[PDB]
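In: Enclosed are the sequence and the experimentally obtained structure.
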Number of protein chains: 2
Amino acid sequence: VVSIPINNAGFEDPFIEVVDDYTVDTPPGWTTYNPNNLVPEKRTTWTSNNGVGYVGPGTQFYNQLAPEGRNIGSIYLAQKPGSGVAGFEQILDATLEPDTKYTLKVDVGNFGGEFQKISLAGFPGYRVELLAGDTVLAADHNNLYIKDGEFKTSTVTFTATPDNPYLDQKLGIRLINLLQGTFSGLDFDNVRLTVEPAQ
Amino acid sequence: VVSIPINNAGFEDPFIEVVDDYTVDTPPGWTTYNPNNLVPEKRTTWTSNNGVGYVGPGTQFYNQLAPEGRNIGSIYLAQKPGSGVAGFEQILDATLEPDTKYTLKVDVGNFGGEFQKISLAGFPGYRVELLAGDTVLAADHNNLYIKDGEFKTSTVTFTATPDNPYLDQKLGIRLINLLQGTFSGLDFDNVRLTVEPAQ
Ligand SMILES: [Ca+2]
Ligand SMILES: [Ca+2]
Ligand SMILES: [Ca+2]
Ligand SMILES: [Ca+2]
C-alpha cells in the first residue's frame, strides 16, 4: 500500500490564526469545480465561495477539532437547492495504472451553529469523486449520514483492469457540495489516496 | 425494518424458458432511463437495449445462477464509451419520510463469455441511485469491483431529516450502465428497499 501525493491535502495552507476565521478564495493546490457557474471569480463572505477555515478549541462549528491539522476546506453555495453543484478539484501527476486498486478517503463535515443570526443546521449533501482524465471512475454520492457538528470519513474505491479505456490519463479528485438542502455549506479534510494490487 | 414494495423487483416477469435466452424490451414495471437518447424505442439483438434474461444451469455468463429467481435485468449499450448512460428507472408509490433511514440493495452482474464471436469480457461500470422526485438523494457510482462471471451486492443508504426539501415526493430507483468500458453490458437483480428509524 503506497500513498499518492496530493497538494495541500489537508487544506493546511494558508495558516489561519484566529478561532473560526476563514478565507473565501480557492485553496492553494486546488481549483474550483464550477460546472454550473454558481461560484463567482471574486468572492466575499456572503457570495457562494470556497476556502479554508481553522477548526480549533473555541469553535462553534463542531463537537471535535479538525480531522487533521488545524484547517478544513469549505464550500458555501448561496443559490437555492437544485441550482447545481460546485466544489474542489485537483488533478494529480499520477496516472491510472492497470491491475491496481485505488482507495480515496476524505473526511466530510456538516458544521453546525449560527452565523450572523443565520442557522447553520441542515446539510446540502456531498459527492466525492475519483477521476481519470475527464471520467468519474467511482464516486460516493451522499451515502453517509452526517449530523450537525460532526465529521465522517467517505471511502471511494476503484479497480483499473488492463482493458480500462482511461489508463495513462491523469488521476483527479473532486469534493462536491450537492446543494440538495440547507444550510447549504459543508467542509472536507484529510484527503488521502492509496494504491495496492487489485484483488 | 420494513420493506417498500417494488414492482418486478427481481425481473422475474416475463418468464423465460430457454437457457441464456433474453428479451430486448423494457421489463414490465420498469421504464427505460435514457437521458442521452442512446436506447431506441424499437430494439433488436444488436441495438442498444434493455430487457430480462434467464440465468440457470447451462449458462455461459456466470459462475453462479441468478441471485434471485430465474431472471436478471440487462442493459446493453452499443455506442462508444463516453457517449452517455442508460438503464432502468422505477418510481414507487412510497414517498420520502422524515427521520427515516433508507437502504437500497441490488445485485450487479458483470457477465462474461462470448456472443456471436464477440468477447463479453470487460465491464462498463454501474451506478445505483435512490431518488425522491427528480433528485438523486444517494448513489453508488461504481464502487464495487466485479469480475467477469460474478455478481456483487451494491448498498445505497440515505437518511432523510425533517428539514429535507424533498419530503413527500415519490421515491425512485435507477440502475445505470455507465458506458465507461467494454464489453459495454451489465445485469442487475434482486432490488430491495427497506426503511428504519434514523440513527
Ligand atoms: Ca486539515
Ligand atoms: Ca450544517
Ligand atoms: Ca431475479
Ligand atoms: Ca463482462
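Out: Everything's here; your move. Residues are numbered from 1 along each chain as shown, chains lettered A, B, ... in the order given. Ligands and ions are numbered 1, 2, ... in the order given.

In: is ligand 2 contacted by the biggest strand by length in chain A?
Out: Longest strand of chain A, by residue count under DSSP state E: strand A:185-197. No. Applying C-beta under 5 Å from the ion, one finds strand A:185-197 out of contact with ligand 2, separated by at least 6.9 Å. Using the backbone N, CA and C atoms, a C-beta is placed for each residue, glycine as well.

In: So which elements touch that strand?
Out: Applying 3 or more C-beta pairs under 8 Å, 6 or more residues apart in numbering or on different chains; DSSP states H and E, one finds that strand A:185-197 contacts strand A:2-3, strand A:71-76, strand A:86-95, strand A:100-110, strand A:126-132, strand A:170-177.

In: Figure out which of those strands is closest to residue B:71.
Out: Judged by C-beta to C-beta, the one of the helices and strands packed on strand A:185-197 that comes nearest to residue B:71 is strand A:100-110, at 31.6 Å.

In: Buried residues of that closest one, list them for me.
Out: Across strand A:100-110, burial judged by 16 or more other C-beta atoms under 10 Å in any protein chain shown covers A:100, A:101, A:102, A:103, A:104, A:106, A:107, A:108, A:109, A:110.

In: Following the chain past it, name the next helix or strand.
Out: Next helix or strand after strand A:100-110 toward the C-terminus (DSSP states H and E): strand A:114-115.

In: now that following strand, how far from the chain's geometric center?
Out: 21 Å (C-alpha atoms, centre = their mean, to the nearest Å).

In: and that strand, which strands flank it?
Out: strand A:118-119 (antiparallel) (DSSP bridges).

In: Quickly check: the partner strand near ligand 2 or not.
Out: No. Applying C-beta under 5 Å from the ion, one finds strand A:118-119 separated from ligand 2 by no less than 8.4 Å.

In: residues touching the nearest residue to residue A:192 once chain neighbours are set aside, list them.
Out: Spatially, and ignoring its direct neighbours in sequence, residue A:192 is nearest to residue A:105 (4.5 Å; C-beta to C-beta, 6 or more residues apart in numbering or on different chains). Listed by C-beta atoms under 8 Å, 6 or more residues apart in numbering or on different chains, the contact set of residue A:105 reads A:153, A:154, A:155, A:156, A:190, A:191, A:192, A:193.

In: Report the beta-bridge partners for residue A:105.
Out: residue A:155, residue A:192.

In: Look up how far chain B lies from it.
Out: Distance of residue A:105 to chain B, given as C-beta to the nearest C-beta, to the nearest Å: 13 Å.

In: before we move on, what about residue A:192?
Out: 16 Å.

In: How many residues are close by that residue?
Out: Using other C-beta atoms under 10 Å in any protein chain shown, residue A:192 is surrounded by 17 other residues.

In: Wait, it touches residue A:104, no?
Out: Yes. Here residue A:192 lies in contact with residue A:104, judged by C-beta atoms under 8 Å, at a distance of 7.3 Å.

In: contacting residues for residue A:140?
Out: Residue A:140 makes contacts with A:126, A:127, A:128, A:154, A:155, A:156, B:140, B:141, B:143, as judged by C-beta under 8 Å, 6+ apart.

In: Where does it fall, secondary structure wise?
Out: strand A:135-141.

In: For the buried residues of strand A:100-110, work out which two are farthest apart.
Out: Greatest spacing in the buried residues of strand A:100-110, by C-beta to C-beta: A:100 and A:110 (32.2 Å).

In: Next, count neighbours for residue A:124.
Out: Other residues near residue A:124 come to 23 when the count uses other C-beta under 10 Å.

In: about what we covered before: any figure for the gap between the residue nearest to residue A:192 and residue B:142?
Out: Using C-beta to C-beta, to the nearest Å, residue A:105 is found at 17 Å from residue B:142.

In: Likewise for residue A:24?
Out: For residue A:24, the distance to residue B:142 - C-beta to C-beta - is 34 Å.

In: of these two, who's got more company?
Out: Neighbours were counted for residue A:24 and for residue B:142 using other C-beta under 10 Å; residue B:142 has more, 28 against 19.

In: Just list whatever residues bridge to the most centrally placed residue in chain A.
Out: Centroid check for chain A by C-alpha atoms, centre = their mean gives residue A:175 as the closest residue, at 3.3 Å. Per DSSP bridges, the residues bridged to residue A:175 are residue A:88, residue A:128.

In: thinking again about what came up before, mind exporting the longest strand of chain A as PDB, just the C-alpha atoms?
Out: Coordinates of the C-alpha atoms in strand A:185-197 are reproduced here as PDB (Å, rounded to 0.1, in the frame of the first residue of the first chain):
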ATOM      1  CA  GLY A 185     -22.400  24.600   3.200                       C
ATOM      2  CA  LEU A 186     -20.100  21.800   4.100                       C
ATOM      3  CA  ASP A 187     -16.400  21.000   4.800                       C
ATOM      4  CA  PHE A 188     -13.800  18.500   3.800                       C
ATOM      5  CA  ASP A 189     -10.500  17.500   5.300                       C
ATOM      6  CA  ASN A 190      -7.600  15.000   5.200                       C
ATOM      7  CA  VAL A 191      -7.700  13.800   1.500                       C
ATOM      8  CA  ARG A 192      -5.800  10.500   1.100                       C
ATOM      9  CA  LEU A 193      -5.300   8.400  -2.000                       C
ATOM     10  CA  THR A 194      -3.600   5.000  -1.800                       C
ATOM     11  CA  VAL A 195      -2.800   2.200  -4.300                       C
ATOM     12  CA  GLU A 196      -2.400  -1.500  -4.000                       C
ATOM     13  CA  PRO A 197      -2.500  -4.600  -6.200                       C
END
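
In: Specify the angle between that strand and strand A:100-110 in degrees.
Out: Counting by axes from the mean of the first three to the mean of the last three C-alpha atoms, to 10 degrees, strand A:185-197 points 160 degrees away from the direction of strand A:100-110.

In: Return the set of buried residues in strand A:185-197.
Out: Here strand A:185-197 shows A:185, A:186, A:187, A:188, A:189, A:190, A:191, A:192, A:193, A:195 as buried, counting by 16+ other C-beta under 10 Å.
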